[PDB]
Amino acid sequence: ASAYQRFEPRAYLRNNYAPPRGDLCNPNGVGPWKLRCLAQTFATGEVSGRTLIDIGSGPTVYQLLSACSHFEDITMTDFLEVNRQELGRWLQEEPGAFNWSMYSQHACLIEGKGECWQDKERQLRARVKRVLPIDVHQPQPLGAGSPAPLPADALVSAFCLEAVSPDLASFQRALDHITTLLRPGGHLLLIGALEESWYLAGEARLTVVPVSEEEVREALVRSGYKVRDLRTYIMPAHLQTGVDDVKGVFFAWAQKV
(Lines of atoms letter the chains of each structure in order from A and count residues from 1; the text may use other names and numbers.)
(Lines give C-alpha, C1' and ligand atoms only; values in the text may rest on other atoms or scores of the structure.)
Protein backbone atom coordinates (compact mmCIF):
# COMPACT_ATOMS: atom_id res chain seq x y z
CA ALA A 1 0.00 0.00 0.00
CA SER A 2 1.89 3.05 1.31
CA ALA A 3 5.10 1.13 0.63
CA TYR A 4 4.85 2.19 -3.02
CA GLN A 5 5.56 5.72 -1.88
CA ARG A 6 9.28 5.01 -1.59
CA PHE A 7 9.31 3.09 -4.90
CA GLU A 8 12.28 4.29 -6.99
CA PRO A 9 11.68 3.85 -10.77
CA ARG A 10 15.40 3.91 -11.66
CA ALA A 11 16.29 1.34 -9.00
CA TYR A 12 13.45 -0.86 -10.20
CA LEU A 13 14.58 -0.59 -13.84
CA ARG A 14 18.12 -1.34 -12.70
CA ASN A 15 16.98 -4.40 -10.71
CA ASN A 16 14.90 -6.00 -13.46
CA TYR A 17 15.80 -4.57 -16.85
CA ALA A 18 19.57 -4.09 -16.66
CA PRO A 19 22.00 -7.07 -16.65
CA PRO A 20 21.80 -9.92 -15.74
CA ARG A 21 17.99 -9.98 -15.97
CA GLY A 22 18.08 -7.43 -18.75
CA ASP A 23 20.64 -9.30 -20.85
CA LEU A 24 18.67 -10.16 -23.94
CA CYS A 25 21.65 -11.95 -25.51
CA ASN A 26 21.00 -15.34 -23.90
CA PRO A 27 17.76 -16.80 -25.31
CA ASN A 28 17.31 -18.78 -22.08
CA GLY A 29 16.74 -15.64 -20.04
CA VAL A 30 13.50 -14.11 -18.79
CA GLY A 31 13.69 -11.02 -21.01
CA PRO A 32 13.67 -13.07 -24.24
CA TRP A 33 11.02 -15.45 -22.86
CA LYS A 34 8.71 -12.53 -22.02
CA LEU A 35 9.12 -10.83 -25.42
CA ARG A 36 8.61 -14.21 -27.09
CA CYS A 37 5.24 -14.89 -25.39
CA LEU A 38 4.14 -11.40 -26.31
CA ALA A 39 5.38 -11.60 -29.91
CA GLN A 40 4.05 -15.12 -30.54
CA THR A 41 0.61 -14.25 -29.19
CA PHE A 42 0.04 -11.17 -31.35
CA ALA A 43 1.54 -13.03 -34.32
CA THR A 44 -1.47 -15.38 -34.25
CA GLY A 45 -3.49 -12.43 -35.51
CA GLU A 46 -6.25 -13.07 -32.98
CA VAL A 47 -5.56 -10.19 -30.61
CA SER A 48 -6.84 -7.25 -32.66
CA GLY A 49 -8.72 -3.97 -32.30
CA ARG A 50 -8.55 -0.20 -32.14
CA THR A 51 -7.90 0.47 -28.46
CA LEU A 52 -5.72 -1.16 -25.83
CA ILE A 53 -4.84 -0.31 -22.23
CA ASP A 54 -1.70 -1.19 -20.29
CA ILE A 55 -2.46 -1.75 -16.60
CA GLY A 56 0.22 -0.60 -14.16
CA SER A 57 2.84 0.07 -16.82
CA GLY A 58 5.34 1.21 -14.22
CA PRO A 59 8.38 2.84 -15.84
CA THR A 60 8.60 0.17 -18.54
CA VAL A 61 7.58 -0.09 -22.20
CA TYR A 62 8.87 -3.49 -23.39
CA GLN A 63 5.43 -4.98 -22.71
CA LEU A 64 3.94 -2.98 -25.60
CA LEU A 65 6.61 -3.56 -28.28
CA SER A 66 4.91 -6.38 -30.18
CA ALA A 67 1.50 -4.97 -29.29
CA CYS A 68 1.82 -1.47 -30.75
CA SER A 69 1.45 -2.61 -34.38
CA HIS A 70 -2.00 -4.08 -33.73
CA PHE A 71 -3.75 -1.22 -31.94
CA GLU A 72 -3.82 2.41 -33.04
CA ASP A 73 -4.88 3.84 -29.68
CA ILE A 74 -2.78 2.86 -26.69
CA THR A 75 -3.28 3.99 -23.11
CA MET A 76 -0.57 3.48 -20.49
CA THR A 77 -1.32 3.67 -16.77
CA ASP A 78 0.26 3.71 -13.34
CA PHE A 79 -0.52 4.42 -9.69
CA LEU A 80 2.66 6.41 -9.11
CA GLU A 81 3.33 9.91 -10.42
CA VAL A 82 7.07 9.15 -10.60
CA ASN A 83 6.40 6.22 -12.93
CA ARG A 84 4.22 8.26 -15.27
CA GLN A 85 6.94 10.92 -15.31
CA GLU A 86 9.50 8.31 -16.29
CA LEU A 87 7.24 6.95 -19.03
CA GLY A 88 6.89 10.52 -20.27
CA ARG A 89 10.64 10.95 -20.53
CA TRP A 90 10.87 8.01 -22.93
CA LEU A 91 7.79 8.96 -24.94
CA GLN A 92 8.99 12.54 -25.48
CA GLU A 93 12.56 11.35 -26.10
CA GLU A 94 13.59 13.69 -23.28
CA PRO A 95 16.91 13.64 -21.39
CA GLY A 96 17.59 10.86 -18.90
CA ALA A 97 14.99 8.64 -20.51
CA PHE A 98 15.62 4.95 -19.94
CA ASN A 99 17.23 3.15 -22.86
CA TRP A 100 14.89 0.47 -24.23
CA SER A 101 16.78 -0.01 -27.51
CA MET A 102 18.05 -3.51 -26.69
CA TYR A 103 14.42 -4.64 -26.17
CA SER A 104 13.09 -2.87 -29.29
CA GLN A 105 15.80 -4.67 -31.24
CA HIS A 106 15.00 -8.06 -29.77
CA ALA A 107 11.30 -7.56 -30.43
CA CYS A 108 12.19 -6.79 -34.06
CA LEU A 109 14.47 -9.81 -34.10
CA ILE A 110 11.81 -12.12 -32.65
CA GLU A 111 8.90 -10.81 -34.71
CA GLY A 112 10.99 -11.45 -37.82
CA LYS A 113 9.42 -8.90 -40.14
CA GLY A 114 12.74 -7.26 -40.97
CA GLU A 115 11.74 -4.09 -39.11
CA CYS A 116 14.35 -1.75 -37.66
CA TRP A 117 14.19 -0.93 -33.98
CA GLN A 118 13.89 2.82 -34.67
CA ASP A 119 10.65 2.31 -36.61
CA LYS A 120 9.30 0.13 -33.80
CA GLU A 121 9.96 2.68 -31.04
CA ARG A 122 8.57 5.34 -33.37
CA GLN A 123 5.31 3.40 -33.81
CA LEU A 124 4.94 2.80 -30.08
CA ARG A 125 5.60 6.47 -29.26
CA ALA A 126 2.99 7.36 -31.87
CA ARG A 127 0.20 5.03 -30.78
CA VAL A 128 0.50 5.86 -27.07
CA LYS A 129 -2.00 8.69 -26.74
CA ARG A 130 -2.07 9.10 -22.96
CA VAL A 131 -0.51 8.13 -19.62
CA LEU A 132 -3.24 7.96 -16.97
CA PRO A 133 -3.29 7.42 -13.21
CA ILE A 134 -4.95 4.18 -12.12
CA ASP A 135 -5.77 2.12 -9.01
CA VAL A 136 -6.76 -1.49 -9.62
CA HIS A 137 -8.25 -1.55 -6.12
CA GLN A 138 -11.09 0.70 -7.25
CA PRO A 139 -14.19 -0.90 -8.86
CA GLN A 140 -13.65 1.80 -11.47
CA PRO A 141 -9.84 1.61 -11.69
CA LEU A 142 -9.42 4.55 -14.09
CA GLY A 143 -12.18 6.66 -12.56
CA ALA A 144 -15.38 8.27 -13.79
CA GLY A 145 -14.60 10.47 -16.78
CA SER A 146 -11.35 8.89 -17.94
CA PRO A 147 -9.95 10.22 -21.25
CA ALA A 148 -9.43 6.54 -22.11
CA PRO A 149 -11.69 5.03 -24.78
CA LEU A 150 -13.83 2.41 -23.06
CA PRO A 151 -14.32 -0.39 -23.21
CA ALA A 152 -10.88 -1.39 -24.49
CA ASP A 153 -10.50 -3.98 -27.26
CA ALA A 154 -7.70 -5.57 -25.23
CA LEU A 155 -5.67 -5.24 -22.03
CA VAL A 156 -2.03 -5.83 -21.10
CA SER A 157 -0.68 -6.08 -17.55
CA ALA A 158 2.75 -7.18 -16.38
CA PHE A 159 3.86 -7.61 -12.77
CA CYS A 160 1.13 -5.38 -11.32
CA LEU A 161 -1.73 -7.26 -9.63
CA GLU A 162 0.25 -9.81 -7.60
CA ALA A 163 2.57 -6.96 -6.61
CA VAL A 164 -0.17 -4.63 -5.36
CA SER A 165 -2.27 -7.31 -3.66
CA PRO A 166 -1.81 -8.51 -0.04
CA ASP A 167 -3.51 -11.84 -0.73
CA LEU A 168 -5.33 -14.06 -3.20
CA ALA A 169 -8.66 -12.37 -2.55
CA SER A 170 -7.43 -8.86 -3.23
CA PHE A 171 -5.73 -10.21 -6.36
CA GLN A 172 -8.98 -11.78 -7.55
CA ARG A 173 -10.90 -8.55 -6.92
CA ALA A 174 -8.26 -6.41 -8.63
CA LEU A 175 -8.56 -8.74 -11.60
CA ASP A 176 -12.32 -8.17 -11.46
CA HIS A 177 -11.85 -4.40 -11.32
CA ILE A 178 -9.67 -4.24 -14.44
CA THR A 179 -11.79 -6.82 -16.27
CA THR A 180 -14.63 -4.29 -16.43
CA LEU A 181 -12.40 -2.09 -18.61
CA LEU A 182 -12.31 -4.88 -21.19
CA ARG A 183 -15.00 -5.15 -23.86
CA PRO A 184 -16.66 -8.60 -23.98
CA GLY A 185 -14.84 -10.82 -26.46
CA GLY A 186 -11.76 -8.73 -25.72
CA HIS A 187 -8.33 -10.10 -24.88
CA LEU A 188 -6.14 -9.89 -21.80
CA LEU A 189 -2.41 -10.55 -21.72
CA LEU A 190 -1.22 -11.02 -18.17
CA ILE A 191 2.39 -11.48 -17.06
CA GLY A 192 3.51 -11.75 -13.46
CA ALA A 193 5.74 -13.20 -10.77
CA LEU A 194 5.16 -16.75 -9.49
CA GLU A 195 5.44 -17.62 -5.80
CA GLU A 196 7.06 -14.28 -5.03
CA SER A 197 6.55 -12.66 -1.62
CA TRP A 198 8.70 -9.50 -1.85
CA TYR A 199 10.83 -7.39 -4.18
CA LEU A 200 13.02 -4.32 -3.76
CA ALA A 201 12.84 -1.00 -5.58
CA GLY A 202 15.35 1.25 -3.86
CA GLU A 203 14.40 2.31 -0.35
CA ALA A 204 11.04 0.64 -0.95
CA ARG A 205 10.46 -2.98 0.04
CA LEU A 206 7.25 -4.31 -1.52
CA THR A 207 5.06 -7.15 -0.27
CA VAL A 208 3.82 -9.62 -2.85
CA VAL A 209 1.11 -12.25 -2.77
CA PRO A 210 2.81 -15.49 -3.85
CA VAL A 211 0.51 -16.96 -6.51
CA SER A 212 0.79 -20.25 -8.43
CA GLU A 213 -0.04 -21.14 -12.04
CA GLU A 214 -3.23 -22.95 -11.00
CA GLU A 215 -4.28 -20.04 -8.77
CA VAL A 216 -3.72 -17.68 -11.70
CA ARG A 217 -5.80 -19.89 -13.98
CA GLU A 218 -8.59 -20.28 -11.44
CA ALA A 219 -8.59 -16.51 -10.93
CA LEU A 220 -8.93 -15.92 -14.67
CA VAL A 221 -11.83 -18.36 -14.95
CA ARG A 222 -13.58 -16.86 -11.96
CA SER A 223 -13.16 -13.38 -13.41
CA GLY A 224 -14.96 -14.61 -16.52
CA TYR A 225 -12.13 -15.41 -18.94
CA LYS A 226 -11.48 -18.35 -21.20
CA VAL A 227 -7.80 -19.20 -20.86
CA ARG A 228 -6.34 -19.52 -24.35
CA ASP A 229 -2.73 -19.89 -23.20
CA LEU A 230 -0.88 -19.98 -19.88
CA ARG A 231 2.86 -20.67 -19.66
CA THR A 232 5.49 -20.79 -16.95
CA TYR A 233 9.11 -19.74 -16.98
CA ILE A 234 11.22 -21.10 -14.14
CA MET A 235 13.75 -18.58 -12.87
CA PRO A 236 17.26 -20.04 -13.26
CA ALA A 237 19.72 -19.89 -10.36
CA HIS A 238 21.97 -17.23 -11.96
CA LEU A 239 18.99 -14.91 -12.31
CA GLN A 240 18.28 -15.07 -8.57
CA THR A 241 19.98 -11.80 -7.70
CA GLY A 242 18.70 -10.92 -4.24
CA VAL A 243 16.40 -8.15 -5.47
CA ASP A 244 13.45 -10.45 -4.91
CA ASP A 245 12.38 -14.02 -4.19
CA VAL A 246 10.48 -14.76 -7.39
CA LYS A 247 10.53 -18.47 -8.32
CA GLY A 248 9.10 -18.29 -11.82
CA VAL A 249 7.16 -16.07 -14.18
CA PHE A 250 3.79 -16.80 -15.77
CA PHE A 251 2.29 -15.63 -19.03
CA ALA A 252 -1.45 -15.78 -19.65
CA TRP A 253 -3.55 -15.14 -22.73
CA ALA A 254 -7.19 -14.91 -21.72
CA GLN A 255 -10.33 -14.03 -23.64
CA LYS A 256 -13.33 -12.33 -22.06
CA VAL A 257 -16.42 -14.48 -22.60
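Between two forms, the rigid core is the largest collection of C-alphas that superpose within 1.5 Å. So that there is no doubt, residue numbering starts at 1 and follows the sequence shown.
Comparing the two stretches 92-100 and 110-118 by root mean square C-alpha distance in 9 other deposited structures of this protein, with all structures fitted on the core, the more displaced one is 92-100.
Per-stretch RMS Cα distance to the displayed form in 9 other deposited structures of this protein, following rigid core alignment, is highest for 202-210 when 219-227 and 202-210 are compared. Legend: mean Cα B-factor per stretch from the PDB entry, 174-182 versus 98-106; the higher mean is in 174-182.
Mean CA B-factor, 121-129 versus 136-144: the higher value falls on 136-144.
When the Cα B-factors of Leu65, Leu230, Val30, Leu220 are read from the PDB record, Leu220 comes out highest.
Sort the modelled residues of the chain by CA B factor and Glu93 lands in the highest third.
In this PDB entry, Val47 carries a Cα temperature factor that places it within the highest third of its chain's modelled residues.
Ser157: CA B factor lies in the lowest third for its chain, per the PDB record. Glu115 sits in the lowest third of its chain by CA B factor, as recorded in the PDB entry.
When all modelled residues of the chain are sorted by CA temperature factor, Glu196 is found within the lowest third.
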